[PDB]
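In structure tokens, one chain follows: the form deposited in one PDB entry.
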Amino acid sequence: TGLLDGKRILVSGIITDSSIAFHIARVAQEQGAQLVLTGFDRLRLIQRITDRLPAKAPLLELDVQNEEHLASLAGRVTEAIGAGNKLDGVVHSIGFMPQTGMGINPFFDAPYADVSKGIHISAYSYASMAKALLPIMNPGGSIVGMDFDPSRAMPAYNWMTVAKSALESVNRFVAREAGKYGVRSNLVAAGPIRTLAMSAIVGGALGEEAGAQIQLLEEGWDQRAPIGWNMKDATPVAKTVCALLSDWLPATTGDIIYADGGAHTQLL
């Protein structure tokens, strides 16, 4: 029936209805998956958003910078899905970089405290999540993370591109660990998407120039992409994550699957 029919998947990262994790959770539910969701900080707002999903799914609090939340994760998840029952999928749609290391502040000027917070959330946490959830994962299982091609440097992205470079390395190692459990670990490298991750720069909140630079990136992304790129559509990226959570890419681990319209394969 569904692509993930009878699968128990954990989906992290829903904040708004435009969050990549929301469309991942939506497509996953449409494809028969039973979900457990994790949210950070504004939990009464996340509960309101996740209520708009095709189905009821338990919401658990998880700050990946909180040692206690990580220590109790597996326990709280098992309680949510029933004892003796395990996870088949894990979705890491978590990331952040403070305004000093991303946007208009000069690259050099970002303090290591802010860069460190950014690497802990967007890169180190991918391993943190796998450490906590892998002992409650079933053989054949899948851990998918969200990436943004960091092989080439670009304007404004700055220390987020550095944190993504680190995430890619982490993923490669997580795969070594996950393989002992019969679990795959991969990243989906998406093109730009109009979520909370971009809303300040796009909305002219960092100035007119900053907004212009992103619009050139989104325009150029669409040009290069042989099959086009709609920065307003999160569903192609959502579908890709669901391909990796399914049993249809069973010899793929420690890798990057590009869901970007084909932009990264083209120069112009």
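In this text, residue numbers run from 1 along the sequence as written. Only the largest set of C-alpha atoms that superpose within 1.5 Å between the two forms is called the rigid core.
Missing here is the form deposited in another entry; even so, the following discussion is about that form.
Q) Which residue in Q65, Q34, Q47, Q213 stands out, with a C-alpha shift of 2 Å or more between this form and the one not shown when both forms are set on the rigid core? A) It is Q213; the other listed residues stay below 2 Å.
*Core-superposed C-alpha of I201 shifting 2 Å or more between this form and the one not shown*: True for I201: a C-alpha shift of 2 Å or more.
Which is it in the other entry for the CA atoms of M97 and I201, closer or farther than here, knowing they shift by 3 Å or more? Between the C-alphas of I201 and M97, the gap narrows in the other entry (3 Å or more compared with this form).
Cα-Cα shift for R48 and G203, closer or farther in the other entry, minimum 3 Å: So the answer is farther.
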